[PDB]
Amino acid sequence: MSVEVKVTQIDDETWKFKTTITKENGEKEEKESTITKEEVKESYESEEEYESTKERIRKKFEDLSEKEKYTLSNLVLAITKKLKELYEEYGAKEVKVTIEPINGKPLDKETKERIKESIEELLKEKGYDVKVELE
């Protein structure tokens, strides 16, 4: 059950996803979906837990600027919700994610390792043991 996800931030409230699913027997599955900031916010048990989770991811990038902490923390929440849905649909224990550059600044190695850790941490806390690989 190969899972490859392409992430494109349309705006600061919209994230577009394109996923390719490759099964062991050769069945391929091409999918598109758009997740909004409001849908990420409403997927949490409460407004308090949503803003608490957002603070934790911001704390992962305290060395970065306020604009970058705003983009990266909300980006992690969107991708985490997506990989959460994919794990409920296919049960894959490994996902490969490719993120398009946001506002003319590609992700460097330290930021990608932090994003990977943040997503895996949020997934493991909901009982989803998923290895995230960022291309």
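The numbering used is simple: start at 1 and walk along the sequence shown.
- Judged by mean Cα B factor in the deposited record, 118 to 126 ranks above the other of 11 to 19 and 118 to 126.
- Per-stretch averaging of Cα B factors for 77 to 85 and 59 to 67 places 59 to 67 on top.
- The PDB entry gives the largest Cα B-factor of the residues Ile35, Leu72, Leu107, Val97 to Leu107.
- Among all modelled residues in this chain, the alpha-carbon of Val5 has a temperature factor (C-alpha) in the lowest third.
- When the CA B factors of the chain's modelled residues are split into thirds, the value for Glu51 lands in the highest one.
- In this PDB entry, the Cα temperature factor of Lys31 sits in the bottom third of its chain's modelled residues, the lowest group.
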